[PDB]
Number of protein chains: 2
Amino acid sequence: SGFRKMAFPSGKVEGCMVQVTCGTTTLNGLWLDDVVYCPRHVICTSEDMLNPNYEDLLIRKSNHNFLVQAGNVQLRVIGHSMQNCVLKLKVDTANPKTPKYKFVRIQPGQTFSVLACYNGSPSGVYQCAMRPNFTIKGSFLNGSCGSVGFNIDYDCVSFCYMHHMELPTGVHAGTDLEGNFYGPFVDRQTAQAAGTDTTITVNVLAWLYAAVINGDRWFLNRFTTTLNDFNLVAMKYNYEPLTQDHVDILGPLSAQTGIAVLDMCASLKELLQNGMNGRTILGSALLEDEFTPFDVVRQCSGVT
Amino acid sequence: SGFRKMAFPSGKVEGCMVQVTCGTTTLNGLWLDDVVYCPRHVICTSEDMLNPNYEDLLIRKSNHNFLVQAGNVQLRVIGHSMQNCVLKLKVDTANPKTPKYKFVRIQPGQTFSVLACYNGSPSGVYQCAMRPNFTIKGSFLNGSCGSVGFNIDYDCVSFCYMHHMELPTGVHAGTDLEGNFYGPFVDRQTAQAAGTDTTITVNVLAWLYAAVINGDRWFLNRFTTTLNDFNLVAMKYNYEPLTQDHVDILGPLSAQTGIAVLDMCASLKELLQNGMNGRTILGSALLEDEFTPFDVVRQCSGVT
Ligand SMILES: *[C@@]1(O)C(=O)N(Cc2ccc(OC)c(OC)c2)c2c(C)cc(Br)cc21
Ligand SMILES: *[C@@]1(O)C(=O)N(Cc2ccc(OC)c(OC)c2)c2c(C)cc(Br)cc21
């Protein structure tokens, strides 16, 4: 029992972190097989980042200009190329610590672990979610670029995120491992609007099921609702519309607890319309949306 | 920017997790050098755990009765001994993945990372605190015993906690790595009272400084207080008394932000007497006490 914001064990990812230097800029790289992946803004200077011509800036760089260091061993760069907003540096040695891995593009509302790194060295790991507006509310300082987000399925690391920038609003933006930005963001120091964010409804409901499984039941009520009535409420409180797909993915939690999805929706509707009244759920005084139904199932069953 | 409940990278600890089996009981062990550390209740059956005579139960066991498995390789047990509530199994091979390590007994209010494990396999990592009442509000299921709590200072892993049991109130109890329980707990299925818990005052104030450093300033006020007046308030709201030592440890945060400790105490006093009024601080609607001044400094400076 107990419910925590749990990250994946970061070991398999720690073994991939390297330091990438290009001119005077240093950030983190991801060494998988004989390729080092890092944000392409590593080739920029402060002046360049206003409106950089990446193709032109990369043309002034040769393999020997990219200094890749794994811990304290230098890697020999034999090739370089840009794919969207990432640089792929071919090294002459395959990472002996390369775990089994996939590159996956996550959907908004999905969660992942972040291994924050500085100078190629890991500093901390935390669990977060891709916000519906394609930002992540992480903890990143200058030097953290190239830190990655990932999930782990038994022995396979699915890399989903690479950190590229901080928005003026303190939220974070980045790409998948093919260099495609999540959201409308570009790797420039320009005016960039993070869209309207909403609350991940299916995740809040999954967290309400995690609360019941752990003893926090005060919010359960004598009411039910319909998907349409619940969606009027979710719309009013800037919550994502709940779909039949979301209802279906809550099925195992509904079966374990014996609480129908629509009955749990009526609890959430009452919590939205009335607040917590100075009470807590799983040690939180707000409605938590960074646990998916899969995360709740995994944590509550003990998947390793 | 951004502030997260961050755990240490778990890699160095993942390399130490093994599975320990004794008869029909399986739990986790910690393999450091040629010694495997695990909770001594591994030698018990459900009937034994009412009032077990550990000395007598250990006498019915030989080196060959302790089955230690590291991933999928069997370790040869050449010695066994009990130290307080832990079993130390001498194996014929030193763990090649043994990081630089220390065994430390943490103080109440101090924080640490937990690597939750089942069958010797890591499932997740989270940050938590040793509660003033010597319990931890973790996330542990049956099979998690032997999971460890740790801190990391550059390359050194300081092991502080080993998980032994769940209290009827869903909170967790365990020992340091010498087998000494934190708190009044014993490794028996008996009536065990977790004392009165209080809020870690210095940690809440450290988290208020983390909020100011990150933009959340609404709670700052035009007031100041004295240590004695603040302590009357802390006493009323079941908060730990603030000491001059706590004031001193908040010094670097006081210097960075330019907000005197007693001025921040007056903000906390107003928050305690008036509540949040439906507002949030670092994405939380309650006063967070699981970040020490050292954790805030580390996260806000970028220590790897
Ligand atoms: C990351 O470590 C950086 O290299 N970095 C500098 C930077 C990143 C991105 C952009 O524009 C898209 C600019 O524009 C000038 C600079 C940086 C910063 C500043 C913040 C964080 Br958090 C991580 C990184
Ligand atoms: C841990 O993995 C266990 O082995 N385990 C069983 C258990 C532990 C401790 C005690 O008494 C002190 C008893 O008494 C019967 C059984 C267990 C349990 C039940 C819960 C959690 Br969480 C972890 C572990």
Side-chain angles (χ1 to χ4, degrees), chain A residues 4-7 114 116 123-128 137-141 170 280 282-286 288 290, chain B residues 1-9 106-114 125-132 135-139 149-153 158 160-161 197-217 219-220 234 239-240 242-243 245-257 259 261 264-265 267-268 271-272 276 280-304:
Chain A
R4 279 275 179 194
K5 183 70 59 53
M6 201 169 288
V114 172
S123 62
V125 57
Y126 58 86
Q127 188 73 353
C128 76
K137 305 187 184 159
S139 172
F140 291 115
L141 302 170
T280 72
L282 292 176
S284 175
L286 51 89
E288 298 291 324
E290 302 207 343
Chain B
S1 80
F3 207 72
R4 279 275 179 194
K5 183 70 59 53
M6 201 169 288
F8 282 104
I106 54 159
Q107 293 296 292
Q110 297 299 119
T111 60
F112 58 95
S113 297
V114 172
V125 57
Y126 58 86
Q127 188 73 353
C128 76
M130 177 58 64
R131 299 304 320 161
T135 71
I136 72 158
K137 305 187 184 159
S139 172
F150 59 97
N151 282 282
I152 312 180
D153 162 271
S158 285
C160 57
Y161 177 83
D197 200 32
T198 52
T199 300
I200 314 143
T201 309
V202 67
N203 288 4
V204 172
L205 289 168
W207 167 88
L208 290 178
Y209 279 111
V212 175
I213 295 172
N214 283 283
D216 260 313
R217 319 172 49 91
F219 56 85
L220 297 175
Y239 263 60
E240 286 272 320
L242 200 71
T243 65
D245 280 7
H246 293 144
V247 165
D248 291 351
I249 298 165
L250 292 165
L253 294 171
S254 178
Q256 272 179 247
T257 73
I259 299 176
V261 173
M264 192 66 96
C265 282
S267 286
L268 177 56
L271 285 171
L272 285 172
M276 319 255 300
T280 72
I281 298 164
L282 292 176
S284 175
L286 51 89
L287 301 163
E288 298 291 324
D289 74 347
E290 302 207 343
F291 294 103
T292 69
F294 298 90
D295 300 331
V296 168
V297 168
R298 194 184 306 111
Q299 184 164 171
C300 296
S301 74
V303 173
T304 66

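For the numbers below, each heavy atom of this structure counts, side chains included, while hydrogens, waters and symmetry mates do not. Chain letters run A, B, ... following the sequence lines, proteins first and then strands; every chain starts at 1.
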For the side chain of A:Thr280 and the backbone of A:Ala285, is there at least one donor-acceptor N/O pair under 3.5 Å apart?
no
Do B:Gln256 and B:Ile213 make a side-chain contact, defined as non-hydrogen atoms from C-beta onward lying under 4.5 Å apart?
yes
Answer yes or no: is there a side-chain heavy-atom contact under 4.5 Å between B:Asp197 and B:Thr135?
no
Could you check whether any side-chain heavy atom of B:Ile136 comes within less than 4.5 Å of a side-chain heavy atom of B:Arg131, counting everything from C-beta outward?
no
Begin from the C-alpha positions of B:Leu205 and B:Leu242 and carry the test side-chain contact (heavy atoms from CB on, under 4.5 Å) through to its verdict.
CA-CA 10 Å; B:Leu205 289 168; B:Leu242 200 71; 3.8 Å; yes
B:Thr198 and B:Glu240: side chain donor to acceptor below 3.5 Å:
yes
Shortest non-hydrogen separation from B:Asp289 to B:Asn203 and the atoms involved:
O-ND2, 2.8 Å
Step by step, would you call B:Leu208 with B:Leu271 a side-chain contact (heavy atoms from CB on, under 4.5 Å)?
CA-CA 11 Å; B:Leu208 290 178; B:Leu271 285 171; 3.9 Å; yes
Do B:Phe112 and B:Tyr161 have ring centres separated by under 6.0 Å?
yes
Donor-acceptor pair, side chain of A:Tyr126 and main chain of A:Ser139, under 3.5 angstrom:
yes
Side-chain (B:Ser301) to main-chain (B:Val297) donor-acceptor, under 3.5 angstrom
yes
For a quick test of reading the model, state the closest non-hydrogen atom pair linking B:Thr292 to B:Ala206 and the distance between them.
C-CB, 3.8 Å
How close do B:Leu220 and B:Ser267 get, heavy atom to heavy atom, and via which atoms?
CA-OG, 3.5 Å
So B:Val125 and B:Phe8, side-chain contact (heavy atoms from CB on, under 4.5 Å) or not? Walk me through it.
CA-CA 8 Å; B:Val125 57; B:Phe8 282 104; over 6 Å; no
Minimal heavy-atom distance between B:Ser113 and B:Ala7, with the atoms involved, is OG-CA, 3.4 Å
Heavy-atom pair of closest approach, residues B:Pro108 and B:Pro132:
CB-CA, 3.8 Å
Geometric cation-pi criterion, B:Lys5 with B:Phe291: 6.0 Å, 45°
yes
When rounded to the nearest 0.5 angstrom, what distance separates CG in B:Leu286 from CE in B:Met276?
7.5 Å
Minimum side-chain heavy-atom gap B:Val202-B:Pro293 below 4.5 Å
yes
Shortest non-hydrogen separation from B:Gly2 to B:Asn214 and the atoms involved:
N-OD1, 2.9 Å
Say whether, by atom type as modelled, one donor and one acceptor occur between the side chain of B:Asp216 and the main chain of B:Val212 under 3.5 angstrom.
no
Gap between atom CD of B:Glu288 and atom CD1 of B:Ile281 - 0.5 Å precision:
9.5 Å
Is the closest basic N to carboxylate O distance between A:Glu290 and B:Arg4 below 4.0 Å?
yes
Any side-chain heavy-atom pair from B:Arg298 and B:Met6 closer than 4.5 angstrom?
no
Measure from the side-chain N and O atoms of B:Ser254 to the backbone N and O of B:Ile259, and report whether any donor-acceptor pair falls under 3.5 Å.
yes
Any side-chain heavy-atom pair from B:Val296 and B:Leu253 closer than 4.5 angstrom?
yes
Derivation and outcome, side-chain contact (heavy atoms from CB on, under 4.5 Å), residues B:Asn151 and B:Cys160
CA-CA 8 Å; B:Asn151 282 282; B:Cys160 57; 4.2 Å; yes
Should B:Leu287 and B:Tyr239 count as side-chain neighbours, where that means a heavy-atom distance under 4.5 Å?
yes
Looking at side-chain heavy atoms only, is the closest gap between B:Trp207 and B:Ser284 below 4.5 Å?
yes
Is it the case that the side chains of B:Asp295 and B:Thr111 hold a donor-acceptor pair, with the cut-off being a distance below 3.5 Å and no angle test?
yes
